[PDB]
């Protein structure tokens, strides 16, 4: 129970790594805001798991990458926090939500609209969420940006996505220095291929190809990544800031 009395926001925690992260932060005692865009049933399933495991959570709906996104997220976040604690304190922000697609887009096919959508959700929104979140964050808080090993591993069909993770990691570098005087750490956690419950992970043949990317010759589980995020959210990571934390199962060898 390393996060008793702490409040956390995990963006995009209806599903996948974000769900696994929300679940683990709540097991440590955090009150978790389970954010999503449209899959309300999946968000409610994250919250239901947390409640059945004895923790506390609530859903927050906000489409990122559109005007008023940060506002809408913080309206729901602060209402839920205040109703449950009397305060709006935000100890932990995990920038996990993303436009993230198995399909990819080869470079010849990328559209300007796709560049904008990826940017808006995966780079711009995290930046503006950090800027808003720090207002509510006490000295000693945690900002965790979920990147990708593809910032270090060339994959043409993910160029547009990867640009935005490269921008995200700059948030980590420069905001770690900016926020160090407040004792707020800022770190990147970089997954490799991770089973998020998508259909592709039900096709054993493709799963076996994907598994070869890891030195362990298996795809990651959501909990493999979420366990690392959870550690970073704790007090014992205090001397880690501005870092790139490889949570890829040895993909970046």
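Numbering follows the first chain given and starts at 1.
Per the compared records, residue 62 is resolved in all of the other entries whose models span it, so no third of them omit it. Compared against other deposited entries of this protein, residue 34 counts as consistently modelled, with coordinates in all of those that resolve the residues around it and thus below the third mark.
Just going by the entry, 123-131 versus 80-88 on mean CA temperature factor gives the higher value to 80-88. The PDB entry reports B-factors from which the mean C-alpha value can be compared for 158-166 and 100-108; the larger average falls on 100-108.
Among 191, 223, 198, 59, the highest C-alpha B-factor recorded in the PDB entry belongs to 198. Sorting the modelled residues of the chain by their CA temperature factor places residue 252 in the highest third.
When the modelled residues of the chain are ordered by C-alpha B-factor, residue 182 sits in the highest third. The entry lists a Cα temperature factor for residue 67 that places it in the highest third of the chain's modelled residues. The PDB entry assigns residue 75 a C-alpha temperature factor belonging to the highest third of its chain's modelled residues. For residue 42, the recorded CA temperature factor ranks within the middle third of the chain's modelled residues.
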